[PDB]
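Undergrad: what would the 3D arrangement of this be:
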Amino acid sequence: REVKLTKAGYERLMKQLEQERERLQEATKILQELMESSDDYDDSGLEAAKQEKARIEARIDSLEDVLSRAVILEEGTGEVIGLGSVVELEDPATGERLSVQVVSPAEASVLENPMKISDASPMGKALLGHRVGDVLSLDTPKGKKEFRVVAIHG
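TA: Residues are numbered from 1 along each chain as shown. Now the structure:
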């Protein structure tokens with residue numbers, strides 16, 4: 001489909017491309033050193049390493065593809081987010097969709113479908129009040145995920 005975004009949206013996505021690239025290279029810069037420190041025998045290295053190279057490649061080239069479907073947006077121009085709202089998401093790097101809805105504390109669960117998550121949860125508080133094509137940064141343990149808000153149906 002078409003892929004719709006905002007000012008910070010773009011940039012904060014781009015920042016990350018720029019971010020991930022600087023990574024790929026330092027990764028490559030490792031691999032050739034190993035493929036070089038070769039008069040050795042591979043798997044601990046060539047494995048993790050080549051794999052790691054790709055991870056990022058695929059990550060990268062993923063974000064790239066996205067930012068060309070990109071259509072920018074005049075701010076404040078859209079449905080917002082409150083409780084009714086159910087929000088469809090995807091993560092720019094990896095594009096793994098994920099759909100949830102904001103709900104009063106008591107009818108909150110991970111059992112229902114488009115998961116019913118709480119307005120007083122981080123992710124609640126956190127995804128509260130943004131628009132389609134906004135890009136968010138929620139807290140993971142393992143650091144921090146970023147999602148395109150992919151239409152606030154509801």
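
Undergrad: which stretches of the chain form helices?
TA: Here the chain has its helices, by DSSP state H, at 7-34, 45-66, 122-127.

Undergrad: can I get these in a markdown table including distance to residue 134 and mean neighbour count?
TA: C-beta: built from backbone N, CA, C; applies to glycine. Below are these laid out as a markdown table (distance: least, CB to CB, whole Å; neighbours: other CB atoms under 10 Å):
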| stretch | distance to residue 134 | mean neighbour count |
| --- | --- | --- |
| helix 7-34 | 6 | 15 |
| helix 45-66 | 14 | 15 |
| helix 122-127 | 9 | 16 |
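
Undergrad: indicate which one of those is closest to residue 103.
TA: Residue 103 lies closest to helix 122-127 among these, at 8.5 Å (CB to CB).

Undergrad: surely residue 95 meets residue 62?
TA: Yes: between residue 95 and residue 62 a contact is recorded at 6.0 Å, counting by CB atoms under 8 Å.

Undergrad: and stretch 101-120, how far apart are its ends?
TA: 13 Å (CA to CA, to the nearest Å).

Undergrad: what residues does that stretch touch?
TA: 81-88, 99-100, 121, 123-125, 127-128, 154 (CB atoms under 8 Å, 6 or more residues apart in numbering).
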